[PDB]
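Each chain gets a letter, A, B, C, D and E, in the order it is written, and its residues are counted from 1.
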Amino acid sequence: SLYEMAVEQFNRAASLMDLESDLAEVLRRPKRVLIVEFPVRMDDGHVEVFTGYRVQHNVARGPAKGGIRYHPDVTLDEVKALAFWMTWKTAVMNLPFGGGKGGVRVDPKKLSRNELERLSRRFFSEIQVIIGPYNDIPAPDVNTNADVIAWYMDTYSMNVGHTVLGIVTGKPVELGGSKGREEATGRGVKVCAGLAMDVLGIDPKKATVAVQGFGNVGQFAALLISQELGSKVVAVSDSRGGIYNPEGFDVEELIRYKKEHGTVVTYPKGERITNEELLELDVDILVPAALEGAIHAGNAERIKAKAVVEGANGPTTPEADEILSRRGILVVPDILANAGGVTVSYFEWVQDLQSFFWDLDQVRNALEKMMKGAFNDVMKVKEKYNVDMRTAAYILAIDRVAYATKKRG
Amino acid sequence: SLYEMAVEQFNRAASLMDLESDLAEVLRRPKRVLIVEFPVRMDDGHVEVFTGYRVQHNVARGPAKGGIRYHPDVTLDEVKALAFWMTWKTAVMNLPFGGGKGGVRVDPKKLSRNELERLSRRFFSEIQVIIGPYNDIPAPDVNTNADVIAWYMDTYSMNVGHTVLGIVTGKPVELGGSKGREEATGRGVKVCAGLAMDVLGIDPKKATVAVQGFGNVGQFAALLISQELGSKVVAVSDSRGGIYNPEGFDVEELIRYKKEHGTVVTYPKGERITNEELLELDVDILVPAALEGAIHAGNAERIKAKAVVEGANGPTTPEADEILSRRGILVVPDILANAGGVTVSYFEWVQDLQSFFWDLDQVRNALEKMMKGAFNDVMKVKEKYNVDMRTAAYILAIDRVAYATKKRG
Amino acid sequence: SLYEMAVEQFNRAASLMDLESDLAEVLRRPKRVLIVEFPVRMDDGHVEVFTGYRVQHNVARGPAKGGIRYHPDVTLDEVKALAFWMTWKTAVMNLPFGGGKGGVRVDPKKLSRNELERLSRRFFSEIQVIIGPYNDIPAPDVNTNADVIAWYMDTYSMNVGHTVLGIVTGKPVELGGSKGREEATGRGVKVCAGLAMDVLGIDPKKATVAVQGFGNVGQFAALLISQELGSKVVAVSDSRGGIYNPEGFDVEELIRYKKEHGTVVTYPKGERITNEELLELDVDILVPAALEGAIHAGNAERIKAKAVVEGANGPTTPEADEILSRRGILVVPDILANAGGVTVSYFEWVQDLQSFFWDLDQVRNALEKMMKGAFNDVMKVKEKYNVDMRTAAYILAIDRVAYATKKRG
Amino acid sequence: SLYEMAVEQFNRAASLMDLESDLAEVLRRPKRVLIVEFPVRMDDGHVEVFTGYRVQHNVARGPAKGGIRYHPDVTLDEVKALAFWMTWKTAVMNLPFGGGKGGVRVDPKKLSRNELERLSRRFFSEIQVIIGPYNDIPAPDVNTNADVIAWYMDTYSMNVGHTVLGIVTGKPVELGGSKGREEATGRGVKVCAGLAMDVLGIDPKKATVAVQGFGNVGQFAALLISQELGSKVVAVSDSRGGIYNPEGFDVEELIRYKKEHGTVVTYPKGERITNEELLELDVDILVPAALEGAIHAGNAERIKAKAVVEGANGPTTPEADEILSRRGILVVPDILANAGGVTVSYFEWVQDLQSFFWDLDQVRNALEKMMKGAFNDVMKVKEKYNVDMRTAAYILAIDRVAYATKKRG
Amino acid sequence: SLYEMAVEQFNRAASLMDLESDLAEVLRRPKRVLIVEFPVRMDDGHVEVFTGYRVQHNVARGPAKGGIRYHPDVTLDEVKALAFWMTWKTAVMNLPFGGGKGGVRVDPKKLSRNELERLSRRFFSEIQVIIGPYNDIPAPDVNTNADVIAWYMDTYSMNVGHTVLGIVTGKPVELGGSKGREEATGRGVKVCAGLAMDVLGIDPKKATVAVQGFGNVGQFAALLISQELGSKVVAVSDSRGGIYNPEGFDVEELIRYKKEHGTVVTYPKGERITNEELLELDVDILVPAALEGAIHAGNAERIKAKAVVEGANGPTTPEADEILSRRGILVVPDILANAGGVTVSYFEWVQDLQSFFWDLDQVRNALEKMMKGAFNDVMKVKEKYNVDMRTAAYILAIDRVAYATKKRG
């Protein structure tokens, strides 16, 4: 199952390091799993029961951190796996958080604003027993945004008996949120992209970048890499097709174009190329910020990119990993690359605790500071074990979590 | 699955009464299900993780009530089902409790006293988040006794910061328990047996009773029916065979015999007969207090008993039910018959809350009082819907639970 | 103002006893007054703000006790006065409670079930900050019933995080309520009536009783006096007219008659008389259980009743008091007479605390026991001060409250 | 030291029974000892610091119970010893309490009402951290009465944020107290005296009783023994001398005499004798309810009393014990005899928890019921070990506490 | 009434923006209003009851913030109004606070230090139920200072059971306070004055300033504007008269002069002019930091000042507003101008939460940073709606509060 698959990856890195067998078991199994069946009064007066989950995998390093999903196709297994990942994701970034995830099996598109609100409130009222600013801090994810998160924050505060606002992250700025939240993920990819160029000895000013996908990650990535690093973004791709141009695109125009025209396709001064073609472009850095399995067995052999900065989750398949590593192509692991999102949520949580908020610049500096740190920390482990950067990242994560559990008892 | 089967029985009674569809759903689905993976340090210094569960099906009528199981073969489904039953069991007896159950996948026989204690403490520390004297009150069950329950009580009290003793029932008498705990179940069977004789116009003094099984329920039932009702206990059976004697057995001698000789078999002045044979005895009342499916398809047609007082859980299969009812043979539902145990746990909880303890007599009177009440209440519904007493019991339970939910909102 | 008038009556009794001036002030002024403006979402999606109040006059003797009102014409002043009364009402009965009252300025008839529920929940969520089973225990009153009270109970429990059910009284029987709740007030009147007869040397068997009004109070009062005391109920009056018959009415028939016919008027075998005429009936006991100022200046001089058992609030005007007392006509004060309602709410609270519920008989015995006690206690004070029984009741109440404050500090 | 001496007595009984060495140590040593130095603002504006203590010896069986002392000569050692005693005293009576004691080094006679109140409030505010209705329930003792106890109750309630009244016992009746409080101790002595006569085959009607001391214990004991048992109280003694008369005194007149005349000395129809002489009177039962060491080495040999019911603490010295036992003179241990006070405080605590109060008769019945029980329970142990009743009482107490600890873990 | 007048001003801005009617109502009405009548023991042993209030207008944006008043003439209405203002004042500054205010009807000058302390403690003990570091944080105001505030902080901490120090602001520096507290208000005026010059294109070095009033606000404002901005302070006025000098006054000497001489009047090198005359001075900036209605109808037409920076509350009457705006004279609204005080209290609360305190410089930088921000924010709205800056400030405030409520639900 999806969870078992995640565990399998853990086992690999676990074998590379002398981790006590008995201890490993506690690291695999999740601490808590709460399943709730809650009634919600529909607009037409009829009650309808929904199924929701909240899983806290590990709390050793600190309060469980993880988003909540609203999707009709959500299995407990999916939740467990995602929570499992969170533990390692927070650990690698060196954040004082644990691993958590939650979700309600519901199709938000079939529910009206009111029904959605009531569902969200009843849900948060149900898992409240297990959450808390110092226990479990939820956040947005698939089909959940600042608005839903705001309801959560409000429901908790009203239930507890005082303004909390540290119970969830990803809240509206003018209600406890943090600046830089949107660009967060992209900036992470930007930092990693830069450092990737550094170890490869590539001069950013001359560096060529190709980004697969143009969502939040893809856009901000391509934008910041361009403006801040000076790399020439030669190609981007929408969920329909991509555009190429060795002269370099003006990311700003591309974003505006996509906003005014569903896709970046048809954009003037851009040779149309298919997404599969983009991955094989002769560029220095390839930033796959679109779908899973993008870089797979067939592509692997033909990828001319010197470094792969995984902007999205699982763009490169394990099969591809072996080949890319074999070819000497550096693949910066997603858990490190896109971690920028979590890094900022942490900053939000901090600001909330002390009710004092930092300005954009501060957030950016702190975000990049930790990114460079985590990157270097992973590289150290990489050299020490002589493995793929991804595996190294997992080893570091597993190591840190193990230490805390050992020291604690 | 086992849970789905329980649900199915619920649906039957739910159809007999005009229960709102939307509402029925909330009654089917359990409120909370907590799954925990907790480490326990084994005597040989190695840590071992165990899987534990605690399910609160419905809290509408009051704090969730339900025992905890220690067994290697325990699936969440089993727990859910048993919790589901608890809700209806408490409701039928008219106790201010909800439905709950819990268990840890572990074979106690492979663990030493110390390891067991540590496991019990860690378990209760894990589910503590959800339990409470006014939320969920656990109790003993398979492979858990007063000693284990005592550790629970102690662990909670020490964790919370003050003596609680109302967090769990079935504790040692000289530590918060209640008198009559042991005979509780049997006395219930005794009351029901008497009332059954009343509705059947059978004079107890002439009444003949046959009890299958000689565990806690079997012994106390057979003894109390004999002593208090005067009915002639003509046959009892051990998990090896049974003994018959129309002259009647001196239950006291039988109990002593079993205590000094593993089985009641071989007992002098007792014609040896098989368990299956005992069920087919020409007796007024048959009290099956042994295993499930005792009374099944094959037996059904050949049961000469005028009434069946289910001392155990599910002795009569649904197939047998149809036949027995068709033949006009009265079958007192287990949820009512053996509920005596829960009824007394309630009394314990009460005594604990006010820290004043009642003497044996009081407990007995209160236990019988509520038993006669619940019996009659079930009978009323039976006549009103003209169905099998079991079905009636379920209707009553479902009705009460629905009322509370409606009135509450 | 209404409050000031209540205070004035207090001052009278306060002057009769050497009550420390500085202390008297604290007894006059209420401890807390909470005014809330809360939004409620109406069915048509529009929000509407309502004004609600909760006043705890005195908590010296115990947690504040008092009902909640839903009425468009409700001034803070009305609440303050009512709360002021509660203090002395509970004290005279010798109950461990204080004085409280609350209300929301709203016309329930213009609101739909749903809107009412939401309003009730948000109201209880607002005054929650000040209430509590050991702080302030609300109860039903004008336009609020067991159903509304149930919502309160549910709202508190879900807010706090566990079943409370002791946060409010007057809840449905199968949800924490107490038996005898309905007849409570009437039974109080019954006990008072009997004792009034006893002091007057009147034999109840020959005693003639007239009841002005046929509401909850009047009905049960009349019925119980009839069946239990044996007094001939010669007349009763609906809110339209009254019926008289020296032979004595069969109260049961009268009740059923009213249930099938909006008024007791037109009832066969009953000489029609006006309400004003009933008060002037040549009867031993007059039980005014209808409206305020019933017995006023004009009536006073012409009342042939030997004793007046005030079943309702303020039936006799102060002017009438002076005259009645001057004429030697005993007037059992309402705070003592109709206190039966409060006395039972106390018993409900008790049962709730220990989650064990008493049966009807117990409640009745306990209610009458305390009534006889309170009556005699007032009589002792009456004789000691040689004043009107009403004044005596006030002195006793003020005395008890003062003692607690003094001893506490 | 005083503590060590107490421990020494424990060791005796501990040796008689096979008590695990390692366990015994936990039973000797006190769980908590809190020493506080708190400022108190004196009337003349100057601050003065006082030293206060609160010791919780053992909480195994339940919340620590024990009085508080106000005395200039109070050493921590004294407190520890007294606390140690409480544990065995509650245990022998079979009460769900632990052992506690406290005190403030201050001479109340040098403090004004106001200063005393402030001191009491500050003290209770200081030890609050450790006390609680389910943790530690203080009570009155030397130089502390219902009035001081009331301040405590008030201070706790106001501090916590709600009426508690279960935080301390010995409160005013009209403020949470219980009836029978005063006579409690005496009644205990009465029951014990009766049972003593029963074991000695002495007919109470003919039994002669001599009481050394005429304080609360002496007066009530003598009174009840006379009225309820019918035994002839032939002598009583004040703290100045005693009076003798074989005809039997009219205790009531004696009480009134003392209230009107400081001592019972000079009372007509009473042959004046010295306290030492009274102890040597040829009476069936000697009830020493005065000072410590009354019955010592010199007296021992010359005591003609058939049984000694220790109304006070330590009247008979250990030396005297050996001799009395050797002579076959039964000595009912004080921990059992005067335990009546504690037994009633328990009842008070109970009533407080459920806010429902019992009437005098109920308290009396419950008090005597438990006394007879405790007596018989001690007797059983006495016969089983063939030791002095005092030692037996200690064994029983030690046993019960040991069981709780073992079962708990 | 005063409240209604405040509401009227709200309505104006509310009409300029499309604010939902139903929503507007919730913004007008206050959430909570607590009225308490508490006893206080006077030095001469007599108890005296005082009336106190605490109103929490809106908590949508965060914990209610507002000072407490000690004044014999304090009506609930005044409190409500002031609380109403606080909501908009905090919102305009963009601080995570709500609106609150409180007061006790008492003349501190008639009370001795001791009595005052006791009153303050009992008051805070009473409103405690509603206050809290995350609920409502009081602060000093009329007749209340750091000393009184310290008592509060101490009372709360001692009551709760741990050092809080974040329960109130304006505490002594060496006890949780913040540096810059005194000059706070003045610095705000300083910043606003500077920005006013900027928008008017006036060079600060040449700028002329006249300050009506020489209290805390006037002094620091004049001094800081002089030293930090370089503006020529040509005139200042005491509560008796003013002094003028085109050469520019040495503010330091003036302050020293006033400290050694009750008024700045008589000061050498200063042409004496009346306060009314000062307002009509031909200066670039007029900073009215004295009394209300200073600039009224009569003055309006003759004011030669290019900009008015309201250092005090309501110096310019609404009538004057219309005229000044008509004449194109910029009037910086007080809610923005003197907000500096609240801005610093926020900083104090922040430091308290994390127990780490910032140095003077940091405070200053943060204070001015937020001031410039708030100013510009208001200007943006001013231009967008083309209205008086004051109205704009109100629109901004109402807008922000509206958003929070909408997003929350």
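Points to keep in mind about this one:
Following the convention adopted for this analysis, a residue touches a chain if its C-beta (ideal position, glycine included) is under 8 Å from a C-beta of that chain, and two chains touch if they have at least 3 such contacts.
Note on A-B: its contact pairs, compared by residue number with those of B-D, D-E or C-E, agree for more than half at C-E.
Among the pairs A-E and C-E, the greater number of C-beta contacts is found at C-E. In terms of the distance between Cα centroids, chain C is separated most widely from A. Note: centroid distance chain B to chain C, computed from Cα atoms, is 46 Å.
If you average the CA atoms of chain C and of chain E, the two centres end up 50 Å from each other.
Residues of chain C in contact with at least two other chains: 129, 161, 353-354. Contact residues on chain E toward chain C in their complex (touch as defined above): 22-23, 25-26, 29-39, 46-49, 126, 129-130. Interface residues of chain A facing chain E in the complex, by the touch rule stated above, are 117, 121, 147, 150-151, 153-154, 161-165, 172, 174-176, 353-356.
Across the complex, chain B meets chain C through its residues 59, 62-63, 96, 132, 134-135, 349-350, 353-354, 400, 403-404, 407-409. Of all the residues in chain E, the ones that touch chain D in their complex are 125, 129, 158-159, 161.
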